[PDB]
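J.: My structure is below; once you've seen it, I'll send some questions.
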Amino acid sequence: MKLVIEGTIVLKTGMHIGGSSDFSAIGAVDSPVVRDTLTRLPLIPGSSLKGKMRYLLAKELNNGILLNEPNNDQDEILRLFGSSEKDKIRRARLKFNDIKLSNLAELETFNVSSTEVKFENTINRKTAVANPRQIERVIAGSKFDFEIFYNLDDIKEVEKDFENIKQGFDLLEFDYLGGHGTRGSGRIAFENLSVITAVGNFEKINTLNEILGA
Amino acid sequence: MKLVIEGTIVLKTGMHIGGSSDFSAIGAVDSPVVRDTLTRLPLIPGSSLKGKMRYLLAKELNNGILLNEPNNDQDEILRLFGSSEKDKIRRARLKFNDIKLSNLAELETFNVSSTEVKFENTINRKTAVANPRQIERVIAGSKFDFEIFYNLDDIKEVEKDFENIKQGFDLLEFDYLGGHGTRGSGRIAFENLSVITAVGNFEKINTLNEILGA
Amino acid sequence: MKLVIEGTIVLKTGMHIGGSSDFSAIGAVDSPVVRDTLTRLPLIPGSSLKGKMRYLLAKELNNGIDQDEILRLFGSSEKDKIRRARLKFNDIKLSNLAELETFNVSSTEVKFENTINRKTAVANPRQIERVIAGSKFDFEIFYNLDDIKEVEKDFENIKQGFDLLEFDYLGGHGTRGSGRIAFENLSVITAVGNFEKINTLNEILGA
Amino acid sequence: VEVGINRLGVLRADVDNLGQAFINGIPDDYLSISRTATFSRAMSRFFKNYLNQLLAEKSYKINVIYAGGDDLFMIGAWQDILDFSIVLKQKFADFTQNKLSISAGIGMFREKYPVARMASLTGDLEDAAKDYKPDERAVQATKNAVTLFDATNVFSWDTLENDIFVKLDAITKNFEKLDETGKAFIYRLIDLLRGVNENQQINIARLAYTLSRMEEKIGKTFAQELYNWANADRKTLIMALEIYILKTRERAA
Amino acid sequence: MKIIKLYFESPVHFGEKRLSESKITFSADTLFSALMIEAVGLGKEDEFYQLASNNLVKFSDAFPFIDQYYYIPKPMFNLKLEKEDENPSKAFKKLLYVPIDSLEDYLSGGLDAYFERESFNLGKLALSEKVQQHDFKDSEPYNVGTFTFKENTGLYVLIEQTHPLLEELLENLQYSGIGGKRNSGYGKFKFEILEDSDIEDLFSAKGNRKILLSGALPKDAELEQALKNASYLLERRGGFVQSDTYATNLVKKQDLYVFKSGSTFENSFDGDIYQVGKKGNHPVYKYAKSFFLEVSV
Amino acid sequence: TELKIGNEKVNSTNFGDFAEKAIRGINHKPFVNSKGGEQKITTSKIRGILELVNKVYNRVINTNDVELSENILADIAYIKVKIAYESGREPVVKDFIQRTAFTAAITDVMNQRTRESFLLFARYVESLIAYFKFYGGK
Amino acid sequence: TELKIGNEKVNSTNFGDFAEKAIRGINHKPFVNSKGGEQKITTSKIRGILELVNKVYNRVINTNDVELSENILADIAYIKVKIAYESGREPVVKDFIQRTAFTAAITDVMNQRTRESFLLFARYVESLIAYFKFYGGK
Ligand SMILES: [Mg+2]
Ligand SMILES: [Mg+2]
């Protein structure tokens, strides 16, 4: 049995996942965002979303504090995100994916590009002189429909696993996703969080949807 | 007789299915993808696809548990993929082949190479110190045209064998295809999936195509 | 009375035949391929091609229904039936060397594989040397036309064996993506004697 | 044995120019039947009795087939055979106090290799060691050499011991903390060193790049040492690297 | 006279007694058996046998040639009687083949024992590792001893007064192979008749010493006189009969002990075509005729 | 062949020695900034140029023609344009390109317009990077 | 595949050389303001134009059609309008536009109406940025 976690990530503020900055043509923005190479669409890498969600969930699940290596997390964190220990190799039940933005047509309706350029400066305190800089951000209002695959390994802890998943999504809504988050960027929201069965049917899929919607 | 299962693998996300770090030092990443040695095209080894497909099918035909050795899993799995057991040498019905990147011209139309460098980092949870790393992936939207040879050892089990082959193909679409797939990579889709008779005409070839079609 | 079947074997997915279990070969790679003794170039031994072709032909000619058409081509010495042979295989050297150096590439590669334990999820890597795809091997197979009434059936079976090879592998870990080959420039020419039905034999080979 | 390649070692040693020593080795003034008998008994007792006793001194995994006179045929674990080759050379050089030299050929074969071919090949290697002649100006071969697993790897005993074994010791002491990618890097080093002959510049550059990749688990000083060896003493370096790979191969034993 | 130069484009397997070993040359009985099998295939075995027995065709056994240097096995001469200096038959023990033209240098000394060995470099031996694949049993491994010749190196056979039938059988023998695993990829050569005048000078000369150039066995009426001041080496010739229409089962032929092809004699003899198979459907012949090169000793 | 590097040419038997000499001269008296240096170049400062060179090398190596096509010459021209870009983006790359003459080699390739000239340039670049590592790195 | 400049011509291969010569001409004879003052153009001065060019480049490159769409051409015409506006705002920017051929190239892209002409125009503007930063920079 395998499950798919549908949903959308809505940018409340501009998001900036750091790009390569070595292949985005010549004369582009100073610090570009990561984009799909083919479609040039900005994307949220599955690695970055997974890492932020794992950090927030491991910090909140353990005691509110988190100082250990990723392999020394709780049993729930290890069974959801995997472990590479010597004699304890947990196979991750969650398979994250790269998330390209889908509402490019909606953004083009308002005659705005997917990405903006944010102008910032740092004012040297001993000189009171400003140092302007430019960064690229995916504009607020962009939507990123994602898909996360859940391996239903144990029927006895799928409810707890999905409670943890909903908790991690909630924690991400009170934090940022990548980039200069403390400086106003990266705030996201989750809605249309629905889990569906990849093949066949799951007899507790209605309970999973209501804990994933509330 | 012999049946040839054609199809196409479309990379939904960037795939890192490689392990080759050979030849030129022209500036290659320390973790390159496996390429065709002559044409330098990114390549999907038949062993990678066969192993991932066998793992997923053996787990699904058990079901959900795969802790046994590859030679002890299931009669259907052993007859499709082969068994080297000392007494019962079961010969593989499926002959996977290495798959090269097919749509290089289409990728060159978009003025993009077949492979990218994805920048990643890990955050030390105690010191909050980031450690960057670079990974090379085959671009999302890359297409791999594959042929898998199936031999009719007997026609009484071909329907079940092709049902299981389609099951494995479906299971790959909800999983990854080798590499850092849990963190956003390796997502694939199978399209233009069909079977034809290599020599002759199997009587139930339309049934197999209907199974493979949907 | 003696026909020469020429052709080329084109590697499609990388081919690994044999074990050169001598110090020179095993000191540079875990599982080496068969090389020429002097030039150290990869080759397809006549025994490997002959055995795989005979295996496929014996499968196809029986199909759950050896026989004379196999024994007369490949020979037999089992207990009382002794047919000598009609097919004389030759060691097939690598013909693509000047073409492979235009690609600034070596004739052989090392394929990095691994196996993942299913109980512990622990992986274990392995390296196999392999002749790179795009390598070409020109072969000559000598046919001794002992019977005039069986030559057409023998060449039909030879073409069937080549076709079965083209939808199979030639050496090593074939079911894991190795050893896929193609046949091109297949022709037969009479080397000794005069044979007026060589044209229909070329039609069979060119089919 | 637990570490190494599952290979048999065949050693075939032979004293160089023993017949010449019996003919004119003894000065004419000191020629007698007693002195001839003393020399003959010394040689024979050395080979038979002392080879038995020396191999019994420490539990070498050797299965001596024949010692007899002037000759030697021993089969065992290839690492034990290789270790005992230098011990045999040193003990013979002590017993004769460097008045006679010995030539050896060491073959490496699998268990199921034909014994006739083991004998024939190791005899060919021993003949190649007896063909050792560093300069093509002298008369008669130097003959004080050993052949390592192949007729191309003929080294003198001093060359073998000093160069190859100090290089092997350094490689062992600097390569034990490499990863499984480091093993492939050593394989690539061996391939590049073998190909250096037909690729003067690009291949030495590739070797420099490989050493650069390696000099994170082996140190910068040893990467420079390997680079210096590759440009100065290459065939000895190739021999040492191949021996290290075969000794550290994790394919059972 | 009419040197048959063999250029091999595949590794050869000339077995002495085992499949795992190969020798660099093949004997005259091996070539005669190959040509007789070709003649049976094309239906004139009797004509070829009459040609060989009536001395119309008589050939030595295969010898190495390296860059227009024709070699001969080191003759077993009664010399080394120079009992003062040098190393006669001391360093002349690892020397297996001497050049046919440099034979007068070897007779009187002065041939460099060392230099004649590294100069003699024809290919190298190898072991081919194979299996009999069994679909459900355990595959049984086996191995073949092979020899691969070099670029400008091969074997040559001394034939005097060549025949159209010999040339016709030699053309057919091109596409059947010679040696052990010839139906596998091992017997493959090209040949030339290549009349030579330098070699004809050696064989038109008389002398008191006759170097046997092929494995030969004198007849019972002349063996006693052949064994008189002879310096020979006795070699066993045998093996299994290679035919389809003999005994319906694999049977070994009688062992024939002949003089090896480096032996030297003072009394000339002409050997015989011996029948080493008599209980089967067809005769089995062992070519043991004497090919001689005369020198002065 | 005979690839001009401004002062002294290189060919199939020379490129490695001159690449090593240029890299060693890089480490001897390295680049100085306005603020007295004293850093050297890193791989992730010419990585884009190296990737472009690798792509063009892959394109050329799959062609058997002795003369480069205009579609590949456009790629080499863009390589030169980019080299000019990061050369002006930071002076630590400008002197690296100047002393190890990337631009001279690119111009010579764009003048010869032959497959062998670009192959020699690619070999020279690979040797340059290989000697840049094992001596410096990063 | 070929854009017009007037007397001189730009193709898919010589775009970099023409951009380099145009930039070199500017640096050799820098623009003089009204008050006898020499001025150098800044990347930020034409940053909006460059981002407009790149914004429509992303949507052009994701289109395997020879003919440009109506909305793409609307965007390109708006880009030309913005180029004129920025030229009218700053005399030094107008001098940079006139010494180069941004107006000529953009109107030739409007004339040809084809996908490849705009791609070569983007190549030319990229080469102009690269060679501008190569010599003088920001
Ligand atoms: Mg001795
Ligand atoms: Mg001895």
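FYI, nothing fancy with the structure tokens labels: chains A, B, ... in order, residues from 1 per chain, ligands from 1 as they appear.
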Residues within 10 Å of residue 178 in chain D, please, as a PyMOL selection string. Count only C-alpha atoms; anything in the same chain fewer than 4 positions from it doesn't count.

T.: chain D and resi 174+182-183+185-186+214-218

J.: Could you write out the selected residues, including C-alpha atoms, as a compact mmCIF listing (two decimals), in the first residue's frame?

T.:
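See selection_11.txt below for the written result:
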# COMPACT_ATOMS: atom_id res chain seq x y z
CA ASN D 174 48.85 5.49 3.91
CA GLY D 182 39.50 5.19 -2.90
CA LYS D 183 39.87 1.59 -4.05
CA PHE D 185 40.88 5.54 -7.38
CA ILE D 186 43.80 3.14 -6.89
CA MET D 214 42.79 11.12 -3.17
CA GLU D 215 44.78 13.59 -1.06
CA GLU D 216 41.97 14.02 1.46
CA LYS D 217 42.19 10.60 3.15
CA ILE D 218 45.90 10.02 2.42

J.: Give me every strand (DSSP E or B) residue in chain F, going by DSSP on the backbone, as a short mmCIF file (atom, residue, chain, number, x, y, z; two decimals) with N, CA, C and O atoms, in the first residue's frame.

T.:
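Full text of result-v2.cif as output:
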data_model
loop_
_atom_site.label_atom_id
_atom_site.label_comp_id
_atom_site.auth_asym_id
_atom_site.auth_seq_id
_atom_site.Cartn_x
_atom_site.Cartn_y
_atom_site.Cartn_z
N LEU F 3 48.45 24.76 -31.30
CA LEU F 3 47.56 25.74 -30.68
C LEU F 3 48.38 26.88 -30.11
O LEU F 3 49.27 26.66 -29.27
N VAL F 10 51.41 25.20 -28.22
CA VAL F 10 51.32 23.87 -27.62
C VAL F 10 50.80 22.90 -28.68
O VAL F 10 50.13 23.29 -29.64
N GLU F 67 36.21 19.84 -39.71
CA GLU F 67 35.92 21.26 -39.56
C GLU F 67 34.72 21.44 -38.65
O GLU F 67 33.70 20.76 -38.81
N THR F 114 38.90 23.93 -36.54
CA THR F 114 39.05 22.50 -36.77
C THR F 114 38.73 21.71 -35.52
O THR F 114 38.82 22.20 -34.39
#

J.: Quick one: residues within 9 Å of residue 49 in chain A, only C-alpha atoms, excluding same-chain residues fewer than 2 positions away - as JSON, numbers by chain?

T.: {"A": [44, 45, 46, 47, 51, 52, 53, 54, 96, 97, 98, 177, 178], "B": [183]}

J.: CA of residue 151 in chain C and CA of residue 207 in chain C, how far apart in Å?

T.: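 Separation of CA of residue 207 in chain C and CA of residue 151 in chain C: 16.3 Å.
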
J.: Please, which residues of chain D lie no more than 9 Å from chain F when the count uses only C-alpha atoms, and can they be set out as a ChimeraX atom specification?

T.: /D:199-213,215,220,223-224

J.: Show me which residues sit within 9 Å of ligand 2 when counting only C-alpha atoms and all ligand atoms, and put them as an MDAnalysis selection string.

T.: chainID D and resid 13:16 18 69:72

J.: Next, dump the selected residues to file, keeping only N, CA, C and O atoms, as an mmCIF file, in the first residue's frame.

T.:
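And here is the file that came out, part22.cif:
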data_model
loop_
_atom_site.group_PDB
_atom_site.id
_atom_site.type_symbol
_atom_site.label_atom_id
_atom_site.label_comp_id
_atom_site.auth_asym_id
_atom_site.auth_seq_id
_atom_site.Cartn_x
_atom_site.Cartn_y
_atom_site.Cartn_z
ATOM 1 N N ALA D 13 62.493 -21.647 -7.118
ATOM 2 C CA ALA D 13 63.789 -21.012 -6.950
ATOM 3 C C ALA D 13 64.888 -21.937 -7.453
ATOM 4 O O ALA D 13 64.740 -23.161 -7.448
ATOM 5 N N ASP D 14 65.991 -21.337 -7.894
ATOM 6 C CA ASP D 14 67.097 -22.095 -8.464
ATOM 7 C C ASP D 14 68.376 -21.291 -8.293
ATOM 8 O O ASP D 14 68.390 -20.088 -8.566
ATOM 9 N N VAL D 15 69.444 -21.955 -7.849
ATOM 10 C CA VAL D 15 70.729 -21.289 -7.673
ATOM 11 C C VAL D 15 71.339 -20.993 -9.034
ATOM 12 O O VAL D 15 71.401 -21.867 -9.908
ATOM 13 N N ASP D 16 71.803 -19.761 -9.218
ATOM 14 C CA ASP D 16 72.443 -19.384 -10.469
ATOM 15 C C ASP D 16 73.846 -19.964 -10.546
ATOM 16 O O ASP D 16 74.645 -19.808 -9.619
ATOM 17 N N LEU D 18 75.351 -22.886 -10.423
ATOM 18 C CA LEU D 18 75.914 -23.856 -9.492
ATOM 19 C C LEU D 18 76.871 -24.803 -10.203
ATOM 20 O O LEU D 18 77.909 -25.181 -9.645
ATOM 21 N N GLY D 69 68.022 -30.663 -4.634
ATOM 22 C CA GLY D 69 69.285 -29.991 -4.850
ATOM 23 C C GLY D 69 69.214 -28.894 -5.889
ATOM 24 O O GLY D 69 68.772 -29.136 -7.015
ATOM 25 N N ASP D 70 69.612 -27.680 -5.501
ATOM 26 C CA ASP D 70 69.725 -26.524 -6.388
ATOM 27 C C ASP D 70 68.367 -25.968 -6.800
ATOM 28 O O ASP D 70 68.288 -24.865 -7.345
ATOM 29 N N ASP D 71 67.289 -26.683 -6.498
ATOM 30 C CA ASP D 71 65.968 -26.327 -6.993
ATOM 31 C C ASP D 71 65.010 -26.191 -5.821
ATOM 32 O O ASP D 71 65.369 -26.418 -4.664
ATOM 33 N N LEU D 72 63.775 -25.820 -6.139
ATOM 34 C CA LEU D 72 62.749 -25.593 -5.133
ATOM 35 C C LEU D 72 61.392 -25.485 -5.814
ATOM 36 O O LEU D 72 61.256 -24.794 -6.825
#

J.: Rounded to one decimal, what separation in Å do you get between CA of residue 41 in chain F and CA of residue 93 in chain F?

T.: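 Going from CA of residue 41 in chain F over to CA of residue 93 in chain F, I get 6.5 Å.
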
J.: Excluding range 103-108 of chain A and any residue of its chain fewer than 4 positions from it, enumerate the residues within 8 Å of it, using only C-alpha atoms, and give them as a VMD selection string.

T.: chain A and resid 112 to 114 142 to 144

J.: Give me, as a ChimeraX atom specification, the contact residues of chain B against chain D at a cut-off of 12 Å, counting only C-alpha atoms.

T.: /B:19-31

J.: Pick out the chain B residues within 9 Å of chain G. Count only C-alpha atoms. Give them as a ChimeraX atom specification.

T.: /B:109-111

J.: Just the selected residues (C-alpha atoms), exported as a short mmCIF file (atom, residue, chain, number, x, y, z; two decimals), in the first residue's frame, please.

T.:
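Written out: out.cif:
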data_model
loop_
_atom_site.label_atom_id
_atom_site.label_comp_id
_atom_site.auth_asym_id
_atom_site.auth_seq_id
_atom_site.Cartn_x
_atom_site.Cartn_y
_atom_site.Cartn_z
CA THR B 109 16.00 23.02 -28.73
CA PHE B 110 15.43 24.53 -25.27
CA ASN B 111 19.13 25.53 -25.11
#
